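My numbering numbers the first residue of the sequence shown as 147 and each following residue consecutively.
Right, one structure below, let's go through it.
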Amino acid sequence: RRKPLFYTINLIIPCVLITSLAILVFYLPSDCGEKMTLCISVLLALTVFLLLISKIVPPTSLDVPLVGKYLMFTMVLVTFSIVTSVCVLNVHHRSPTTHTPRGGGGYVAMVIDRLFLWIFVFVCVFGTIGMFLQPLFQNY
């Protein structure tokens, strides 16, 4: 009943957990040099995630094509999340276009960004449950 499904997800918990904290500075208000450093610092966890998940030391490394093929998709989710910053920065203090009211920081952009962010978050779980569904075929 155990199955590797628990092991594969065991690495997803700490992998996505980083986003929860990143949002505290990204989504929530926190205008400061740390706010940005936090977004870029994430890129470090991505590259490390490869050696970290691979350091698990599998029995027969049967999860080679599973993870290796994921790096291609996960790479698009990490890059898409970074580029999104342009939306907040566009109103924050980098080429102001003026679309929504209020100001002061880059929280105003969150209004319009919420549209894209909606699908973004879906991508995180999409690939999370997608791989978890593989081993959860049925068995009965």
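Where is the CB? At the ideal position from N, CA and C, for every residue including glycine.
Who are the near neighbours of residue i in its chain, counting only those whose CB is closer than 8 Å to its CB and skipping five residues on each side?
i, result
"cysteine 185", "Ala168, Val171, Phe172, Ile228 and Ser231"
"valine 162", "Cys270 and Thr274"
Taking buried to mean at least 16 other C-beta atoms within 10 Å of its own C-beta, is residue i buried or exposed?
i, result
"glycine 276", "exposed"
"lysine 215", "exposed"
"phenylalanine 195", "buried"
"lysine 149", "exposed"
"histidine 239", "exposed"
"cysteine 233", "buried"
"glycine 252", "buried"
Identify whether residue i lies in helix, strand or coil by the three-state DSSP scheme.
i, result
"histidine 239", "coil"
"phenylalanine 283", "coil"
"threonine 225", "helix"
"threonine 230", "coil"
"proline 211", "helix"
"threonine 244", "coil"
"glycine 273", "helix"
"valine 254", "coil"
Below 6 Å CB to CB, which residues in the same chain sit around residue i once its five sequence neighbours on both sides are set aside?
i, result
"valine 254", "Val237, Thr246 and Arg248"
Quick check: is the beta carbon of residue i nearer than 8 Å to any beta carbon in chain C?
i, result
"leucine 263", "Absence of chain C from the displayed structure is noted, only one protein chain being present."
Nearer than 7 Å: is that true of the beta carbon of residue i relative to any heavy atom of the ligand ZN?
i, result
"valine 194", "Of ligands this structure carries none, so the ligand ZN is not represented either."
Here's a check: name, in chain order, each residue in its chain whose Cβ is nearer than 7 Å to the Cβ of residue i, leaving out the five neighbours to either side.
i, result
"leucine 151", "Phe278, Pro281 and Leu282"
"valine 210", "none"
- Message: Going residue by residue through the segment 147-209, where are the continuous alpha helix (DSSP H) segments of at least 4 residues, counting only ones entirely within it?
- Response: 151-156, 158-172 and 179-200
- Item | At least 3 beta-carbon pairs within less than 8 Å: the segment 153-165 vs the segment 197-211 | yes
- Message: Assess contact between the segment 258-276 and the segment 207-224, defined as three or more Cβ pairs (one per stretch) separated by less than 8 Å. Is contact present?
- Response: yes
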